[PDB]
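Below is one structure, written out as structure tokens, with a few remarks after it.
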Amino acid sequence: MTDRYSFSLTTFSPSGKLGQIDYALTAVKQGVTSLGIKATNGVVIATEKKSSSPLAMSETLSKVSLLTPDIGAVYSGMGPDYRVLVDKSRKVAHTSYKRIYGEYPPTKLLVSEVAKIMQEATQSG
Amino acid sequence: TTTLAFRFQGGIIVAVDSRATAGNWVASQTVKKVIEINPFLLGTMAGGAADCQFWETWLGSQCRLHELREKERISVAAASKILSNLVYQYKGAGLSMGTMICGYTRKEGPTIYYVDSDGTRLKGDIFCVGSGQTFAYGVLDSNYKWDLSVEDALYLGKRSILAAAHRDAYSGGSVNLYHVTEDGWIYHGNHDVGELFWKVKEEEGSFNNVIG
Amino acid sequence: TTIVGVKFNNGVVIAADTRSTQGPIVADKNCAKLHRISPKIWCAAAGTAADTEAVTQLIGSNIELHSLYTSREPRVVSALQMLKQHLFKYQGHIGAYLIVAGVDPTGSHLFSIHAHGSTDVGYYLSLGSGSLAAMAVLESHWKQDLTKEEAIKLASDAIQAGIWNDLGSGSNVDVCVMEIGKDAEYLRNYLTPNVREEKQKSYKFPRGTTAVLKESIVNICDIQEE
Amino acid sequence: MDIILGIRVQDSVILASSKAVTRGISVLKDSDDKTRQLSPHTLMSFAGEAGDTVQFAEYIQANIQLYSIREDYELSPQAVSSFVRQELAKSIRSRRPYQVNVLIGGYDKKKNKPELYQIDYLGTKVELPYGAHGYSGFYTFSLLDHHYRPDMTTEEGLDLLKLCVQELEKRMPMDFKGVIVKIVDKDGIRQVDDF
Amino acid sequence: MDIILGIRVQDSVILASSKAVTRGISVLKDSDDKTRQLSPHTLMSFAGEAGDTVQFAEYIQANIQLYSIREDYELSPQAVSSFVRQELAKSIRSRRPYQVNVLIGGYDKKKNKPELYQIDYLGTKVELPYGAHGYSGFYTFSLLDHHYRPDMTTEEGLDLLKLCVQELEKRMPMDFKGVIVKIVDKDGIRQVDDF
Amino acid sequence: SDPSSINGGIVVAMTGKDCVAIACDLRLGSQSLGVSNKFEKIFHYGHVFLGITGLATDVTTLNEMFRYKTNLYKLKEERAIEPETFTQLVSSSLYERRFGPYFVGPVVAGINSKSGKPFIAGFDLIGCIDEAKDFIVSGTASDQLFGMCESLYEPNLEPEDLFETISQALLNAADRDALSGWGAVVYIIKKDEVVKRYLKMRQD
Amino acid sequence: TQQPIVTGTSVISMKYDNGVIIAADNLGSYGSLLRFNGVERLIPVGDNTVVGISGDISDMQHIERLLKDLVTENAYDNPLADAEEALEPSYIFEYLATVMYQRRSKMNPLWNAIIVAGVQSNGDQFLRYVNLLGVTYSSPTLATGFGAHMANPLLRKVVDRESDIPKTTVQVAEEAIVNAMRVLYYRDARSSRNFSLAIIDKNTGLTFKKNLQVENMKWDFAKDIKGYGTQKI
Amino acid sequence: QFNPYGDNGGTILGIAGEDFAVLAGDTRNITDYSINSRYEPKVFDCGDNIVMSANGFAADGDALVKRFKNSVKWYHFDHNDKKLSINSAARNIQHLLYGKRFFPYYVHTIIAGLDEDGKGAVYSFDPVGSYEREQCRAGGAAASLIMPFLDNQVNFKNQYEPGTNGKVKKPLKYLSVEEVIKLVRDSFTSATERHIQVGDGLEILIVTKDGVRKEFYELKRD
Amino acid sequence: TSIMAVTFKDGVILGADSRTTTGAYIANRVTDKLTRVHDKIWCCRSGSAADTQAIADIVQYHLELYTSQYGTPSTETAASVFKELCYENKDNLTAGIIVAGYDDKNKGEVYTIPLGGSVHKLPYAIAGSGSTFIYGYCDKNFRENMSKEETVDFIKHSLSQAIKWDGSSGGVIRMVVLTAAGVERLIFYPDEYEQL
Amino acid sequence: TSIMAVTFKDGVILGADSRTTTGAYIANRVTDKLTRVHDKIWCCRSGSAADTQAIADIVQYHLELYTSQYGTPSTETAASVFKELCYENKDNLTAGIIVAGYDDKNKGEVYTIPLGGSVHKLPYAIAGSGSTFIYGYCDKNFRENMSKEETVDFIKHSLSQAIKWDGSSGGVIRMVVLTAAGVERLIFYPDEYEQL
Ligand SMILES: [Mg+2]
Ligand SMILES: [Mg+2]
Ligand SMILES: [Mg+2]
Ligand SMILES: [Mg+2]
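Residue numbers (UniProt numbering), protein chains in the order written: chain A, 1 to 125; chain B, 76 to 287; chain C, 30 to 255; chain D, 1 to 195; chain E, 1 to 195; chain F, 2 to 205; chain G, 34 to 266; chain H, 20 to 241; chain I, 20 to 215; chain J, 20 to 215.
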């Protein structure tokens, strides 16, 4: 009943490749297409709702998620991994920013925090 | 509070500050801490304002009754002891009093008695009483001589209060000076510490620490 | 402080005075004691002002995250439960006394909560040093089936009773109305019955009145190029 | 008041008493004489609470001077010490007691003998060859136990007293500003002006 | 510990610190050096609770000596004082605070200037021309306010210091058994053996 | 014994037309003993000014803390912190020591660089924000300052008039407090210039 | 120095155009025990004065005897005892105020708060307060204890300043007093439903009303209140 | 334990002019956070062109004023209807206050009138009877809010003449009764804004050679 | 506070006043002191309102989780959970709780949990400040196997007296009836119970 | 202590338990707390046994001297003398006395004098530590103008309950009947009153 994996599962191969990151990028490649376009007075993000069954209610599955009132996110790759990242991203916007400065984080810094969470899954045990 | 009195060739110099505080709040900057008991005797106010004021005014009444009955000026020894014996009767009740009884008679010459609310009565040459007493003592002890002139002695007393007024938070406002002679006391004015400090700084070259 | 809450036909109204004091001294004459927890859940605060702001913002933050997690608009009972369990844990050391009101998919609600963690249900409530003055007005004029206009009137009258009769309360009346199926309308300085009269004299000084020893420019800019 | 010492030698009693008067933060005086002549051959030194010490001493002085005039006669040191003890013993159960400790050094002209009496504020009297009050005994008694002889001269008594004062000046934390020394013998009371 | 004084003159800092160590009733020592050399041009004098004073001083000394070896470089007096302040400021909210007040006298070899820092047990730091801790300032500051000049020589600074010590010896009730005096300048630290 | 009145001192801040002013005395004491006449109580992090009264060790500690935090803020945000944002940082930082607080009375003053709007705020020792339009007072003579400011202040004063008003408010308040005075400093703050003036006052 | 044992709660009062109204409940509490339910705390003195007393009941009974003794004493060698030399409210008050302050000054107070309501010889309304400390004040509305916190705010809405007194009728004033007594019954834990009310009018004289009850109470809304938050049943 | 003292709030202000004197006081009486009365007179005409106020614990304040008024009456009986001069009144009040040195009147007393040369006079007392003639004196709750303002606007403290920069002080020119009343009203308006115990009404008694006159002004009631 | 729970032929009835005080001020005059921890297990609350609400909420959580796993809990089980919280946290709690419930097997049961955290199964229980005044009345007038109407009258009369004498009690008399038939709420106003 | 006095048609009856305690030890289990100050004026004593005995002895002295000069005192007069002692010495006394008596003019009268020294004329009065438990019972069961047998039963049942719940009360129930017929003492033992 122990967590004995205190060592990295992502390591450098002889060629300098980080295998698990490359393989994660391959999983992203298989994922459904999503895009983003920046205008002068706005930004748009879009994706296909690839419904796994017609009996499924695809409205209940949100691929595009509000992170803060002025920030939104969309993905390609593994949906469950996205869902938990959105939960962590929403919470980190509050704990490491809003509860300190009384305002929502700017886009680049929230992105920085999400990036940090993803980096740690690339080096932690 | 800073009050002082000292004996010299020319009689007694009495010098006091003028500040009164209730906690941190400065209630008055125009308090008279020298009680003019009569034309020949002076008292200083430290400890309780009411206690010093009331009983040293009363002392003046007793000194007046003495000279009516005895047809002679009361001695400083006798005047001081009337006050010390009175406060000693009240010992324990909570009077607060630190005073110098200052006078100049024929038989005694210039005389200062430190009188105090727990019964102490001490004759002496130099006394300082109050929250700023230690600061005044420094200036006095290093510059005091018996053969000071009346002009220099008045300045020394003024300067010693200024020293305390600067450092002690509960002393300041203004300096009141008196010179006690055998023919009576002579008032030597009220001197604002604010104006006095800058004047003394420039003329004396002291207080280099302070920017002016 | 005087704070009240009053239920009505289709919602709930809360109100508060605008005086903050340190001992007998008035620190802010136009303080805002009405706090948003979520768009349609607001509370009026009394007690230690740092504690009331902190506890509202913490629960408001966790309520927002809960709303995003569940894809549902927040409920007043959730704000109440989270507030009370937090306050109970700190055994009254967080000196927050709150009147929590709002509308949600369940309906309109009005609760009070005290620093030790006890909660209360009612149609009309008051809290703070002016609560007895306020409750006197509420006990005299409250009825069942109040309209929106009657509830705003009653609530602001109850705050006025605090303003005029309680030394801990003063200045203005803030109101917030939370009606079912509508946006909550925050009415900041709804009443202003304590404007200071014009002074007898202008105290603007002649220029050069103050004695100056030194002048210098303070560099607020960053290290410059070239 | 701090240190008061007493030593009875062959033909005199020597009292040594500190000169400092401290009121809390500052030393207000460094030449205070903590003694009163009660009669021509009886001296009393004193130490205790401020005000009470002098009030008590002068009250005793007045009563012994009154006795002297009434009877045209000097009371023996023993008689004076008994009177003083009774006044202190009366004092201890009063509303507000005198907090005063005394040494009474006297020369009994009838018996031709010096006599030293130690009386504390409670009215605890003891006749001794040497005595002290407060902490003074703690530093000095080991030296007095060692060197004291009943047949000492006045000059030998003063030298032993200098050793006691030196030990006090070394090991006591307080600066008591030296001592005034007075000798009581058949010829009366006199002050040693250089010590 | 009782009296610690500091005075910054033209080209040096002078620290004067009392020699007495009193444990209640008796003066256990009269030659105690209440100072530690933190670096070749930085000296710290200290006064406060027994045990805590020396423990703190030696702990600071070790940390500055460690810094010196690691970087092969002497920290500026300002840097040393900031480090010391933070340790005291950390201490005040601890389970059991260090009750220690310090003066840090240093010569900054970069700026070619003497520097005196006064830091109390709370971590209250001030740079001063002259400073003290406890009751020492009450007696001495009126003399320093009067006589001090920023262009004084070391010999003039020592003479002004003698006047301060004399005033302390006159008006303080406690016998602090004189002072050890040390000078901090461009050439390092040295003790004035006759004072 | 009371930590907030051991060292003494005061801060006052005021708004004017397109400007703010913040001012403080220079005394540091150990109760009755005056220790320093150069203890400045106003600090700045970019264009945001912070006055702090109270226990002097905590004044120094909080200055070092907010310098630390605003430096990291600037590196990450790539811009200087604004008064409104800083005010929330001060509040958060104080409240995180709710049950072992810093014994201080902070005062924020500055102009928002984007909107040009004058801003002042004050706090109690645990971080309750007072965001006044008119003025903020702090320290051992806060009662005296409240009295001065309430009568002397009028809105929309020009920078050089505001200087006179705040100076006379500080000086006359300090002269009725034993634990304040020993010199004074006044900052007049405009959108892109700041003037600092040391005042001449009685030294008792 | 003592502590109060058997106690009476709020006394409330106000001025109206032609006189004064005063009221107080009929309870003598023994701490949290509602011990005695038939205690009269309004004590009339002649036909022009009513003294309302709260606080310690044993001290109230002592004061009651002093007032009775005062009437006897005023009649001695006084042919005009029922005319020009009758006791005034102002005389009765000043006497009580003297006694209260003297007793506090010997550190042995009468543990009460008293309101003297009446009408003077010239028709002027008299209403003034005194307590165990000898503190006195007058106002268009006066109340003791809880009444101060809850009754005064309600009564001040009717008579907010001196100029509102001539505009206030006896019907409006009594209504305000009766409503205040209901509010105190809702909210004061040491109050009772039964109370006494006295009106002293310059035309119609002293009307003393015993055995009044708080009526028209609102409790129905209580049925709809369930749990303390989440409970629906 | 029985506490014989209480705090009824209030704030009072005495100012001595050249040939007049004013003694002002708010009319609010309080205990804790409750208002007892919005109009309870605190400043009293005591006869002989003397006005008095004893602010603090209202019961001790009423007792002292009552005793002083009586002292004026008995002074007339004992000394052939002689007018009690303001300095003599002040000394008499010291003895009244010091008489209870070990159970004090918990009040800060101020009196105002004219001295024997017709010049304005104000005297100020502590609870146990220490006293001093003064030009300007606020007492009570908001005294710390009023006195700094008066130092600045009556005595022109910290004000210097433009152009000289600290070298020449603003000269101490004599204020008229109308000017003093403006400063009194503004002091109490400001005090009302920032002190919870100050408000409701302001009653000013003005003393001149012609007699005692009253003026009343409304203050904020929150 | 005056609270009681009484077993009778068909089950059990909980009764309570509605007054909550802070000192002499009545903070709430329409309080509900009868709170539900399960469909047919309720309790009467006395002592610290924060403590008894915090406890009751935790119990309701424990019995909800019990029900998900093991089906409907007994009244004894509910009393045990209350006891565990009250006993183990006796140093930091001021709670006096009466637990009352209806099983079909056991019928009406009443358990009282005083300050110490002890448990006492009783035919009826009284508690709260106002209970002191009705020990005599309740002991003389209680019978076992009363009807519903008799038991309502017994609780109504008892709490009427508790309210009459105790300043800390007052307002409305709330009651909750627990039987096989279901859960019935009753309320009785001052004009009704005062004249009894 | 549990004590009471009850007026009825023919006069008045005083009742009391017999227990006196020092801490938890019963110092006297057969105490007589019904004490005579005049032929037909008696009292019930509660509080400090030294104080109430000292007071009663002084009252008996005052009424004996009253009788020598002015004839038989009223019950109101006896209550007034009790009050005077209790009120004027309130700081140094712990006494709770019920005064009960029979005139032919006034018939049965009861006055209660609690700790403060106030007086309260009542149809019946209860006092002592055990009285708290029977406020409810006594209020529900008292009627005016009861017969002798009904009043004895009312007191017996009341003090039976007071004894049952109060540890400070116990032993025998003593009673003293005051009527035109004279003075009758009654006693009731544990085996009698416990089974009621
Ligand atoms: Mg100052
Ligand atoms: Mg000063
Ligand atoms: Mg108000
Ligand atoms: Mg028993």
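Idealized CB from N, CA, C, for every residue including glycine.
Nearest in C-alpha terms to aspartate 158 of chain J, of all of I:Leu141, I:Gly147, I:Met165, I:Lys183, is I:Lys183. Taken atom to atom, the span from the alpha-carbon of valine 151 of chain B to that of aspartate 243 of chain B is near 31 Å. With a cutoff of 7 Å, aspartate 243 of chain B does not count as near ligand 1, since its C-beta is closer than that to no heavy atom of the ligand. Contact residues of ligand 1 (beta-carbon closer than 6 Å to any heavy atom; chain order) are F:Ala175, F:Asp176, F:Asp178, F:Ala179, F:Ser181, F:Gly182.
At a cut-off of 8 Å between beta carbons, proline 37 of chain G makes no contact with chain H.
The beta carbon of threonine 201 of chain G sits closer than 7 Å to the beta carbons of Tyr49, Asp50, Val191, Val192 from its chain, once the five residues preceding and following it are set aside; these are given in chain order. At least one CB atom of chain C sits nearer than 8 Å to the CB of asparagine 184 of chain H. Residue environment for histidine 146 of chain D: exposed (fewer than 16 other C-beta atoms within 10 angstroms of its C-beta). Of the heavy atoms belonging to ligand 2, at least one sits nearer than 7 Å to the Cβ of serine 246 of chain B. Of the candidates J:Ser150, J:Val100, J:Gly186, J:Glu107, J:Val100 places its Cα closest to the Cα of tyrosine 130 of chain J.
Fewer than three pairs of CB atoms, one per stretch, sit closer than 8 Å, so the stretch 114 to 121 of chain G makes no contact with the stretch 65 to 76 of chain G. Residue-level contact check: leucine 109 of chain A touches chain F, since one or more beta carbons of chain F fall below 8 Å from its beta carbon. When DSSP states are grouped into helix, strand and coil, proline 173 of chain D belongs to the coil group. At a cut-off of 8 Å between C-beta atoms, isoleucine 182 of chain I does not count as an interface residue with respect to chain J. Residue nearest to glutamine 32 of chain F within the set E:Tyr135, E:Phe195, E:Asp2 is E:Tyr135 (criterion: CA-CA distance). Rounded to whole angstroms, the gap between the alpha carbons of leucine 84 of chain J and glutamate 103 of chain J is 16 Å.
Straight through space, the alpha carbons of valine 78 of chain J and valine 56 of chain J are spaced by roughly 6 Å. From the listed residues I:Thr94, I:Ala199, I:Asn125, I:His176, the smallest Cα separation to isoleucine 192 of chain I is found for I:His176.
Each of F:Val36, F:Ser2, F:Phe136, F:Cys129 was checked against the Cα of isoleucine 23 of chain F, and the nearest Cα belongs to F:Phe136. DSSP, read as helix, strand or coil, puts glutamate 102 of chain C in coil. Taking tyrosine 75 of chain A as reference, the option from A:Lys29, A:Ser6, A:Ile21 with the minimal CA-CA separation is A:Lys29. Distances taken from the Cβ of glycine 186 of chain J to the heavy atoms of ligand 4 include one shorter than 7 Å. For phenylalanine 176 of chain E, none of the residues of chain F pass the 9 Å Cβ criterion, the least Cβ distance being about 19 Å.
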